[PDB]
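See structure below.
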Amino acid sequence: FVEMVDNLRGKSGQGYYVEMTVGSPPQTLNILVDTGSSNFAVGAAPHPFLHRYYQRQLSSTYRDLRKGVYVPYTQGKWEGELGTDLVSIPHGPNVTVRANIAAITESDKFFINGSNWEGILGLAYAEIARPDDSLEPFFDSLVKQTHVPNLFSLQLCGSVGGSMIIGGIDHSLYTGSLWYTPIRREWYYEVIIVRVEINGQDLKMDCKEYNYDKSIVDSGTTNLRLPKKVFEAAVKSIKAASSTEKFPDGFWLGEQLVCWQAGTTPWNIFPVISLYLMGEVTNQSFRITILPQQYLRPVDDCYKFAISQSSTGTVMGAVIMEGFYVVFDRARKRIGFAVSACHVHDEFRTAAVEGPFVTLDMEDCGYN
Ligand SMILES: C[C@@H](NC(=O)c1cc(C(=O)N[C@@H](Cc2ccccc2)[C@H](O)CNC2CC2)cc(N(C)S(C)(=O)=O)c1)c1ccccc1
Ligand SMILES: [Cl-]
């Protein structure tokens, strides 16, 4: 699928986007790729931060749906006007579909001043689509209206780059074997984590903990976010493996940045981290392992701590995704992980995907 290879750009900390076109003739926009949301939504007014925006009056295929949408985030809020128009992805399959568009007419703390994107492509399911499940998401319009197979894969390469392969997989982007975890239910890309090790040390928690109340795969979130009760323990252990050097008790966020002279970065006082994921077969699991490199983000070389808490559940943000090629195999209701060809890896230890493991009572790990 060489046409689609390297079709993502970005800057550290500012997200991964793909170029799309909207309306007739096409208007070109950069659009953030987010697997943790389900609306396609673009700037539609001259917000000053925006390099460009969808100008509906210039498109003959635009059709008004005469309905509004209001999407608060955690911090990031937008409001827009629903319509539909002709959408296409230059570095994607050679098709065009009529999809839903939320013309963003007002927003607070959503756009990033200095970024080079103007929109968001929500790749999750109708169930979490705003205003409600009737608003069909982009990918579902894609598949229903063309021959494009019901699947996509992401390689996010941590100025950033990567690939979104729409409709398939490209073997050039990973090594070894793909391992697959079921999508527990189609709303977010929900999965079940069944064991967590730090440096190989289990945290011997109840595994219902690791998924309280969700575990999810989300390209639109920077961090590995862990549930309150899990975050606490994770922290204690990673803080314990790391006690060669002290650090502010607030830096284990969040609340500060940490620093070492460039090259002085203390890589190894940090443990690799492992999530075991439910496998395809009863009582079988597999693990994904990431480096401190993945969860220590460049912001003198000052890094942030990419793990954090959530009353939301686990969020396998880009901290996770950067180590792997992730295949969203909607057709078979499963997600696949393979070691990424582009992940950042030193010479002492690299990211890994391995199995099979035996693990009992995996069903018991799904919070209900
Ligand atoms: C842009 C940046 N995202 C961020 O840096 C960032 C974004 C979000 C955020 O909420 N992202 C949105 C999409 C969304 C995307 C962009 C703007 C608004 C909404 C996404 O739909 C969230 N999905 C959750 C509802 C399940 C959340 C956080 N976390 C709270 S955090 C501090 O724990 O990591 C960080 C980023 C950087 C690199 C890679 C990916 C994303
Ligand atoms: Cl439609």
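The residues of the chain are indexed from 1 along the displayed sequence. No hydrogens, no waters, no symmetry mates; every other heavy atom, side chains included, goes into these values.
Residues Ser163 and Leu173 are in side-chain contact: their nearest non-hydrogen atoms beyond the backbone lie under 4.5 Å apart. With a 4.5 Å cut-off on side-chain heavy atoms, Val339 and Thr350 do not count as touching. A 4.5 Å side-chain heavy-atom check between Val258 and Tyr303 finds every atom pair outside the cut-off. When side chains are defined from C-beta on, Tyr62 does not count as touching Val22, because their heavy atoms never get closer than 4.5 Å. By the 4.5 Å heavy-atom criterion applied to side chains, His51 and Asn116 are counted as neighbours. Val42 has its side chain out of reach of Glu118: every pair of non-hydrogen atoms, C-beta onward, lies at least 4.5 Å apart. The shortest distance between side-chain heavy atoms of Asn223 and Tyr295 does not fall below 4.5 Å. Side-chain contact between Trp179 and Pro356 is present, with heavy atoms from C-beta onward closer than 4.5 Å.
Residues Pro131 and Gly68 come closest through the heavy atom pair CG-O, 4.1 Å. Taking each heavy atom of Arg130 and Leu135 in turn, the nearest pair found is O-CD2, 3.0 Å. Scanning both residues, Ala306 and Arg297, for their nearest heavy atoms gives CB-CG, 3.7 Å. Nearest approach of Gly323 to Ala351, heavy atoms of both residues: O-CB, 4.2 Å. Of all heavy-atom pairs between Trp78 and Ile104, the closest is CE3-CG1, 3.6 Å. In terms of heavy-atom proximity, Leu50 sits nearest to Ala45 at CD1-O, 3.9 Å.
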Any chance you could lay out the side-chain contact (heavy atoms from CB on, under 4.5 Å) test for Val71 and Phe110, step after step, and finish with the verdict? CA-CA 10 Å; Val71 176; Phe110 174 73; over 6 Å; no

So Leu296 and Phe305, side-chain contact (heavy atoms from CB on, under 4.5 Å) or not? Walk me through it. CA-CA 6 Å; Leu296 273 13; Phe305 197 61; 4.0 Å; yes

Verdict with supporting geometry, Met278 and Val191, side-chain contact (heavy atoms from CB on, under 4.5 Å): CA-CA 8 Å; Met278 177 180 304; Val191 298; over 6 Å; no

Decide side-chain contact (heavy atoms from CB on, under 4.5 Å) for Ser219 and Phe328; before the verdict, give the C-alpha distance in whole Å, the side-chain angles of both, and the deciding distance to 0.1 Å. CA-CA 12 Å; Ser219 51; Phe328 293 81; over 6 Å; no

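In the hydrophobic clustering of ILVMFWY residues, with side-chain heavy atoms under 4.5 Å counting as a link, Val95 and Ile101 come out together. Linking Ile, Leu, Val, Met, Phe, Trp and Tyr whenever their side-chain heavy atoms come within less than 4.5 Å leaves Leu58 and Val87 in two separate clusters. The hydrophobic cluster containing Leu86 does not contain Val148, counting ILVMFWY residues as joined when their side-chain heavy atoms lie under 4.5 angstrom apart, directly or transitively. By the rule that hydrophobic residues join a cluster once side-chain heavy atoms approach within less than 4.5 Å of another member, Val344 and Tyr16 end up as members of separate clusters.
In this structure, the separation between CD on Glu354 and OG on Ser177 is 11.5 Å, given to the nearest 0.5 Å. Summarising the geometry, atom OG belonging to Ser215 is positioned 11.0 Å from atom OH belonging to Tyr210; distances are rounded to the nearest 0.5 Å. Remark: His47 NE2 to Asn113 CG distance equals 8.0 Å, nearest 0.5 Å. Atom-to-atom distance recorded for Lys214:NZ and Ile192:CD1 is 14.0 Å, nearest 0.5 angstrom. In this structure, the separation between CG on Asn39 and CG on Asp34 is 10.0 Å, given to the nearest 0.5 Å. With rounding to the nearest 0.5 Å, the separation of CG in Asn100 from CG in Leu65 is 6.0 Å.
A side chain to side chain contact (heavy atoms under 4.5 Å, CB included) with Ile320 is found for exactly one of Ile288, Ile273, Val326, namely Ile288.
Note: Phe337 and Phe324 have perpendicular aromatic rings, judged against thresholds of 30 and 60 degrees for the angle between ring planes. Between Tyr174 and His171, the ring planes are perpendicular. Angles over 60° get that label, and only those under 30° would be called parallel.
In this structure a side-chain-to-backbone donor-acceptor pair under 3.5 Å is present from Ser242 to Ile238. Under the 3.5 Å distance criterion, the side-chain polar atoms of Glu81 are left unmatched by any main-chain donor or acceptor of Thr105. Listed for the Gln27 side chain is a donor-acceptor partner under 3.5 Å among the backbone atoms of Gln55. The backbone N or O of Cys207 lies less than 3.5 Å from a partner atom in the side chain of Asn211, making a donor-acceptor pair. Remark: the backbone N or O of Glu197 is not paired with any side-chain donor or acceptor of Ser274 at under 3.5 angstrom.
No hydrogens or angles considered: nothing links the side chains of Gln14 and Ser115 as a donor-acceptor pair under 3.5 Å. Looking at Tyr325 and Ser153, their side chains do bring a donor and an acceptor atom within 3.5 Å of each other.
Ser285 pairs by the side-chain contact (heavy atoms from CB on, under 4.5 Å) definition with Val194, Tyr276, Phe357, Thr359, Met362, not counting sequence neighbours. Scanning for side chain to side chain donor-acceptor pair (under 3.5 Å) contacts around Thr84 gives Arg98, with sequence neighbours left out. By the side chain to side chain donor-acceptor pair (under 3.5 Å) test, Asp85 pairs with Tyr54, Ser59, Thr61, sequence neighbours left out. Not counting sequence neighbours, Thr21 has no partner by the side chain to side chain donor-acceptor pair (under 3.5 Å) test. For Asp218, the side chain to side chain donor-acceptor pair (under 3.5 Å) criterion is met by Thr221, not counting sequence neighbours.
For the salt bridge (charged side-chain N to carboxylate O under 4.0 Å, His left out) condition, the pairs that include at least one residue of residues 333-343, sequence neighbours left out, are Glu280-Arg334, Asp329-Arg334.
Ring centers of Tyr189 and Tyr125: under 6.0 Å apart, within the cut-off.
Taking a cutoff of 4.0 Å between a charged side-chain nitrogen and a carboxylate oxygen, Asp140 and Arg330 qualify as a salt bridge.
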